[PDB]
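By convention in this document, chain letters (A, B, ...) are assigned in the order of the sequence lines, proteins followed by strands, and residues within each chain are numbered from 1. Reckoned from all heavy atoms, side chains included, excluding hydrogens, waters and symmetry mates.
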Amino acid sequence: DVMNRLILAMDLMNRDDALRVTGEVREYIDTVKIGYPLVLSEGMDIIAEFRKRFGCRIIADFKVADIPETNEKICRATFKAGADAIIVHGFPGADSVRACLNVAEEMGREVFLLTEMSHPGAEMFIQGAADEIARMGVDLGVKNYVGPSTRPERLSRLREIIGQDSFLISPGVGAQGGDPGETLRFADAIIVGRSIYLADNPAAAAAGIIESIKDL
Amino acid sequence: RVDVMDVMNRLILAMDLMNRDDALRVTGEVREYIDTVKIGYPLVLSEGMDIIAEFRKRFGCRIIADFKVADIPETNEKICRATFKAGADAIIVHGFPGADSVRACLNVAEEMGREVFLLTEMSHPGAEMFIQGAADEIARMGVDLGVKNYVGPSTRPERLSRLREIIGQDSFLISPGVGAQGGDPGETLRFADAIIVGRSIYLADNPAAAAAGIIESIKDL
Ligand SMILES: O=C1CCN([C@@H]2O[C@H](COP(=O)(O)O)[C@@H](O)[C@H]2O)C(=O)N1
Ligand SMILES: O=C1CCN([C@@H]2O[C@H](COP(=O)(O)O)[C@@H](O)[C@H]2O)C(=O)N1
């Protein structure tokens, strides 16, 4: 359940800068996506400090993409550190995804499957496998997916493959060129980074996104 | 080649033990046999990125951060910069996300005077689903991008042979999957400049013995 269907992609690599901008929009968002830029620079503990400070949900955007054995250790360390869910790459195959799924089940946490990416290079290899990956996710029982806001038509095919009962979130809104509303037509929530945290006033920017989405 | 950074004994230790003391102890025990250590997320996420500078100072070993960077260009650059800032000598990047994603890593590597290793084909079974079908092209893309260091699968020597003929004799190839995953040090080293070995060594009763034994079976070839 994402407040305002808006998730913040906190990719500032500065703890102060990060905590500060995440406080300037906490009233608008209650779900934060934390990735390696911040975790590698400030440590895995930044996750508990984010929870303690903002009492927000944490999605670790780690794009796990290793062999099953290692994917298990990465997920375990990520959940131990307190992440509510972790985003996993599907291109490595079914056994690699099933590894994070097992650890998510064992620790009562969630796995989000990244099927298609939002950037241009994504066309070379990812795009053509996107559907088979989303399908693999269905066979595996994955209920949470991540799809490209930059390609509304693709984001739409993804939603018809995963079904209406699946939770779908989508990055690539704003900076990369995606439109909130058009994205929210198929996705449950949008992920927005630079458009908020690189803004003179993140509080406003965020608000502005919600104001053009209340009409939804 | 010779215009590349070699690895002592063609053996790279994959240190994936998840706690500082055991990692430091096991690595110290085999330090005599290797001079390149591959540190991944299992260790870094449990003990912090400072662990990279500590291994580097303590052992005088070169560090390869096996982070498999696989994000968009903008984020890949921040990940590589943080990794190099942490002191790593190289970083392993996935190729499946495309050329623009690899170039972002390469820009920061050459900017900071570090290396990038491109992961073309993976070594687990699931790697046959979508990565194997794109591997030759990912390798071709890396050669075109200027990539000189690659990572290929020990578990599939015929596939590793194809990689080597795609990247040529001057490129540097390292390969995982030897031991716990079933790969043999011999066949692999016919194509790869060096093997990456984790569990066969760090979970052995006696790590030093395990490492010396491998280096021996390699010695004759
Ligand atoms: O397909 C993907 C992979 C995940 N992401 C992640 O979503 C976030 C987007 O931030 P921006 O809104 O500034 O583009 C960023 O953390 C990025 O790494 C993608 O943008 N696209
Ligand atoms: O294709 C790949 C990706 C990198 N790796 C990495 O190589 C290391 C192998 O350790 P083992 O030797 O115990 O299998 C481990 O850290 C693993 O994550 C692969 O094994 N295969």
Side-chain angles (χ1 to χ4, degrees), chain A residues 9 11-13 35-45 60-74 76-78 80-81 89-99 114 117-130 132-133 136 171-172 175-176 193-194, chain B residues 14 16-18 40-50 65-79 81-83 85-86 94-104 119 122-135 137-138 141 176-177 180-181 198-199:
Chain A
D11 292 311
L12 284 175
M13 304 173 70
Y36 282 134
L38 174 60
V39 145
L40 294 188
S41 297
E42 299 295 343
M44 284 292 274
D45 287 351
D61 194 355
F62 292 176
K63 297 174 181 58
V64 191
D66 211 310
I67 64 180
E69 296 59 49
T70 304
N71 275 12
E72 282 209 355
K73 305 179 186 305
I74 287 151
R76 234 182 272 282
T78 303
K80 171 168 171 167
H89 261 299
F91 72 79
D95 54 353
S96 278
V97 178
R98 167 63 68 197
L114 180 58
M117 283 176 84
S118 64
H119 63 309
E123 300 178 294
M124 299 183 57
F125 318 103
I126 286 167
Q127 181 135 205
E132 218 199 309
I133 288 177
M136 173 194 67
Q176 295 177 67
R194 288 167 282 174
Chain B
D16 299 306
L17 278 172
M18 294 168 77
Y41 281 136
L43 181 47
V44 144
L45 296 182
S46 301
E47 301 294 356
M49 289 278 282
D50 285 329
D66 192 356
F67 292 176
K68 297 173 183 56
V69 191
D71 211 310
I72 63 180
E74 296 59 49
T75 303
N76 276 12
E77 286 198 358
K78 304 181 169 71
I79 291 164
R81 200 171 295 285
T83 303
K85 166 158 162 51
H94 261 291
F96 204 86
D100 56 358
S101 278
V102 178
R103 171 67 64 195
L119 173 56
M122 284 176 88
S123 67
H124 60 308
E128 275 157 31
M129 289 190 57
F130 316 99
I131 298 178
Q132 177 172 281
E137 187 181 348
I138 290 168
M141 172 184 79
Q181 289 176 72
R199 282 166 295 178

Which atoms of [X] are under 4.5 Å from chain B, going by heavy atoms: the side chain, the backbone, both sets, or neither?
X	result
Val39(A)	side chain
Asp45(A)	neither
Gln176(A)	side chain
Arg76(A)	neither

With chain A, which of [options] has the greatest number of heavy-atom pairs at distances under 4.5 Å?
options	result
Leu119(B), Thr75(B), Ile131(B), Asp100(B)	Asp100(B)
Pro125(B), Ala180(B), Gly48(B)	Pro125(B)
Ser101(B), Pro73(B), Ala70(B)	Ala70(B)

Self-check item: More than 12 heavy atoms from other groups under 6.0 Å of NZ on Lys73(A)
Solution: no
Exercise. Please lay out, stage by stage, how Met44(A) and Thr78(A) fare under the test side chain to side chain contact (heavy atoms under 4.5 Å, CB included).
Key: CA-CA 8 Å; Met44(A) 284 292 274; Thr78(A) 303; 4.1 Å; yes
Would you mind telling me which of [options] has the largest number of heavy-atom pairs within less than 4.5 Å of chain B?
options	result
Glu123(A), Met13(A), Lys80(A)	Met13(A)
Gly121(A), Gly93(A), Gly172(A)	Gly121(A)
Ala77(A), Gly35(A), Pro37(A)	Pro37(A)
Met124(A), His119(A), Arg194(A)	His119(A)
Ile74(A), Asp11(A), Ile67(A)	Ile67(A)

Hey, could you give me the [atom1]/[atom2] distance between [X] and [Y], rounded to the nearest 0.5 Å?
X	Y	atom1	atom2	answer
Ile133(A)	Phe91(A)	CD1	CZ	8.0 Å
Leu45(B)	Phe62(A)	CG	CZ	6.0 Å
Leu43(B)	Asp66(B)	CG	CG	12.0 Å

Quiz item: So what's closer than 4.5 Å to chain A heavy atoms on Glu74(B): side chain, backbone, both or neither?
Solution: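 Only the side chain of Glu74(B) comes within 4.5 Å of chain A.
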Quiz item: Looking only at atom types and distance, does a side-chain atom of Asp71(B) sit under 3.5 Å from a main-chain N or O of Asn76(B), one as donor and one as acceptor?
Solution: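 Not confirmed, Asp71(B) side chain does not pair with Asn76(B) backbone.
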Practice problem: Give the C-alpha distance, both sets of side-chain angles, the deciding distance and a yes or no for side chain to side chain contact (heavy atoms under 4.5 Å, CB included) between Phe125(A) and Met141(B). | Solution: CA-CA 11 Å; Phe125(A) 318 103; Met141(B) 172 184 79; 3.9 Å; yes
